[PDB]
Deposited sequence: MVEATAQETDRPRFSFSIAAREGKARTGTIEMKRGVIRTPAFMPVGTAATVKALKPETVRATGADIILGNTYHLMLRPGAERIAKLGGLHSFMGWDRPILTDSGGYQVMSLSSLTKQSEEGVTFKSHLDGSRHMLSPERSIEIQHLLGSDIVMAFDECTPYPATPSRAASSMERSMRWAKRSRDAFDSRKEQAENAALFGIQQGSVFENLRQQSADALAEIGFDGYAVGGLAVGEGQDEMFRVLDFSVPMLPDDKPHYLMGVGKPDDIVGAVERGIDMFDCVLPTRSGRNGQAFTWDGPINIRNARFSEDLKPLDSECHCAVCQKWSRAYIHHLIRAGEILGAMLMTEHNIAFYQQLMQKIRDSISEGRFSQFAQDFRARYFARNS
């Protein structure tokens, strides 16, 4: 297999379906990436993640650099061996999380220093991702808070683009990395069209293997995110993957595919799983609700996951109410499976030229 090859096998409007071939495996697109904080997809064995249909998972520069340490994981053989996932891993660069989780920060042109004292810069971020043995490396960016004035949004975007160039060069500098991994740039600009264009252009000029749409999962309502996607994704190179970071709910995902996005990540299925929220084709339910205490149906009536073929709502209800680990396990497995079944339905419907009808049908039921 090649280092990186994105091929589009079918299209419908702005939506696309295909594959990314990399050395550790093939990624079917549009793709949902379970998130794996902190070298684990919470409450799932790797094999279980794979069984739900996941082709790739996300790891985080920020958390692993604090625990257990980037150099340590490198010493132990890389993230894949450490956690037992042998397929592609995309690592976020830390750009977001450093500002999100740190107890104290100092931002500067050089990078960000923080307490949880550490510095994170384009160079270090790319080095950490290297040490982890990431397959898809993210540029070190700044995720602009929402809302943002045009001035501050512009300043932030410009910095991110300078950091994008520094990320590129740091990646290319490391032969082993350049030859075996891929590098994705990250578009910023808040919700402003001219800034998103200048950002798209700076990224394309630098050149990346894929293009992420940053900053649209930090407060924007769906209508606003969709409006920004409407003009923003066509700015990106058509022949490269389009990754919407941090999105999202099943309906976010469907609308974003309708707008040209090929890759997604979100903690919602996992986190909300452990809190008792289960996704269904008729909308999300809270399994803790009293009305499920003697409900013998599965979580969802059509889901093929192992959880739905074996246990009832009533049981899972009991587990979560009891704070039992197996509840978290079952809820999470179901939710990730559901997300993967959604992606398959999306891929298949685009392949067959009936995606717009799928999206309409999905919405009708999900929102009923």
{"query": "Segments lacking C-alpha coordinates (deposited sequence numbering, starting at 1)", "finding": "1 to 10, 127 to 131, 384 to 386"}
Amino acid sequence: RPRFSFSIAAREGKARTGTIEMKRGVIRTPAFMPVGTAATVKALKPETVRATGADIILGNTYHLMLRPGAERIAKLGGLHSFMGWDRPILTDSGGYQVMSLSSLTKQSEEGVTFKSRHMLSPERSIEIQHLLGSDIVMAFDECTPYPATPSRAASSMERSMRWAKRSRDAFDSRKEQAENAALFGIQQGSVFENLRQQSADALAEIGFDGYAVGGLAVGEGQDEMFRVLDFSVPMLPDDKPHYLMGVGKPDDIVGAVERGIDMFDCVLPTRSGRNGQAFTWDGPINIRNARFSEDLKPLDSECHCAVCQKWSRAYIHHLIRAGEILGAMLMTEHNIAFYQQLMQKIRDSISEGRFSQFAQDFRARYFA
From here on, numbers count along this sequence of modelled residues.
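Superpose the two forms; the largest set of C-alphas matching within 1.5 Å is the rigid core.
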| property | result |
| --- | --- |
| More shifted region, core-based fit in 6 other deposited structures of this protein, 316 to 324 vs 23 to 31 by CA | 316 to 324 |
| RMS CA shift, core-fitted in 6 other deposited structures of this protein, bigger for 148 to 156 or for 257 to 265 | 148 to 156 |
| Unmodelled residue 273 in at least one third of other entries with both flanks present | yes |
| Residue 106 dropped in a third or more of the other entries | yes |
| Comparing 281 to 289 with 133 to 141, the one whose average Cα B-factor in the PDB entry is higher | 281 to 289 |
| Mean C-alpha temperature factor, higher of 86 to 94 and 105 to 113 | 105 to 113 |
| Deposited CA B-factor, highest of 38, 328, 336, 33 | 38 |
| Peak C-alpha temperature factor (PDB record), options 251, 158, 265, 239 | 239 |
| Where the record places residue 347 (Cα B-factor, split into thirds across the chain) | lowest |
| Third of the chain, ranked by Cα B-factor, where residue 274 sits | highest |
| Ranked against its chain, the third holding the CA B-factor of residue 49 | middle |
| Third of the chain's Cα B-factor distribution that residue 309 belongs to, per the entry | highest |
| Residue 204 by Cα B-factor - lowest, middle or highest third of the modelled chain | middle |
